[PDB]
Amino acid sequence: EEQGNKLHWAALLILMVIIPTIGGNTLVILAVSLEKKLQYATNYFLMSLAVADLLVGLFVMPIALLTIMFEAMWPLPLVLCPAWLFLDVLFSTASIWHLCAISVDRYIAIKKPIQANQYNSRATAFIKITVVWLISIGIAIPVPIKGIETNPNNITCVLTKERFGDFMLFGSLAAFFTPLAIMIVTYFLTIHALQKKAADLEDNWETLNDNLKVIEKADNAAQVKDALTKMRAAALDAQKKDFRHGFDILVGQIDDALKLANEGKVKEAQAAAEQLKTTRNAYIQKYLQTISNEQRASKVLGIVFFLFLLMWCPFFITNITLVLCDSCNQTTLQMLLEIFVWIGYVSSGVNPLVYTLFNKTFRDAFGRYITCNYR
């Protein structure tokens, strides 16, 4: 039997996988480099991810077409065979752990809204980036250390089940199933943190509005004195420079209205509280817009990161199946793995572009670069 010719697959993968990978990732790299409105610590996570995915498109994917266009034999020098396999595992592991790091960072941005400093966040982002790259080297390093065996002076550039079986098993657990478990946990932690944030907002909004109704109905000075002291210790619950002054206005306004209540002026205190209703609306509507934006961004990150992990699932499941199952047809599972490697390349390839397309400023940058603007 003869398989035939598979050049049509090679041409299809250049147009629909390699070109979009190199194209989409350079656009993300250009946006973070040229647009000053995007030069923030959180986007350096995206740039590193885009660099890793761009390096797959230029150095891993074109070398991966050779097995499709030619035979099983390696045409390039012997030294470049473990080097290509190493870069393949390195850059593909980096793209999975970057999303894991972006997810944990985004959860921290919700759980810890304050304590954010521009200079300190840059250092913190670079530290987390470095850790992700060191994690990726550690998972990819067993390939060149173990090496690939050759009488013939030519080798077949593929990891065998006899030599790399355990690497394929524990490498998959470390590169995919460990960041997947972390991302599942952070998903439910983010769902809990966003509900708690909303529940505390209503808790303070109700306490503010209910004590204000006591003042508008008050007849004596004692009714105002007690209802205003409750708002004094509850004003710091919604706030904690912008938050330090945010509470300071209302805390000062309550103290000024309590001064009138101490004096005995009931009408003057009631007037100060009704003029305070326009001040509480300005902070409630602002904090209500912040939670809606956090929830919208988390829903976007969720679907995009889930579709990424879903496209890597066929490769890592079949991988473990070929290793653990001995009764399974090895020929059919190898044929499926060849397709699943390419579905994974698509997944990492278009991953940063798809995500950044939901940010209007990033989407506006891409629209300028496709017509070669660069401002």
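Just count from 1 along the sequence shown to find any residue number.
Chemist: Which class describes the count of deposited residues lacking coordinates between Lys240 and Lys241: none, 1 to 3, 4 to 9, or 10 or more?
Modeler: Unmodelled stretch: 10 or more residues.
Chemist: Classify the number of deposited-sequence residues missing from the model between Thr150 and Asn151: none, 1 to 3, 4 to 9, or 10 or more.
Modeler: Gap size class: 1 to 3 residues without coordinates, per the record.
Chemist: State which stretch shows the higher mean Cα B factor in the entry: 260-268 or 71-79.
Modeler: For C-alpha atoms only, the mean B-factor is higher in 260-268.
Chemist: Decide which of the stretches 251-259 and 295-303 has the higher mean C-alpha B-factor, going by the entry.
Modeler: Mean B over CA atoms: larger for 251-259.
Chemist: Name the residue from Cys157, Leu212, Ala94, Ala101 with the greatest C-alpha temperature factor listed in the entry.
Modeler: Largest recorded C-alpha B-factor: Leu212.
Chemist: Looking at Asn117, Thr178, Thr186, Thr124, which has the highest Cα B-factor in the entry?
Modeler: Reading the PDB entry, the winner on C-alpha B-factor is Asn117.
Chemist: Sorting by Cα B-factor within the chain, modelled residues only, which third would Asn220 end up in: lowest, middle or highest?
Modeler: Highest third.
Chemist: Split into thirds by Cα B-factor across the chain's modelled residues, where does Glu162 land: lowest, middle or highest?
Modeler: For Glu162, the deposited C-alpha B-factor lands in the middle third.
Chemist: Place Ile182 in the lowest, middle or highest third of its chain's C-alpha B-factors, as listed in the PDB entry.
Modeler: Ranked within chain, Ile182 CA B lands in the lowest tercile.
Chemist: Quick one: classify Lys128 as lowest, middle or highest third of the chain based on its Cα B-factor.
Modeler: Lowest third.
Chemist: How does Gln195 rank on Cα B-factor within its chain, lowest, middle or highest third?
Modeler: Within its chain, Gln195 is a middle-third residue by C-alpha B-factor, going by the deposited values.
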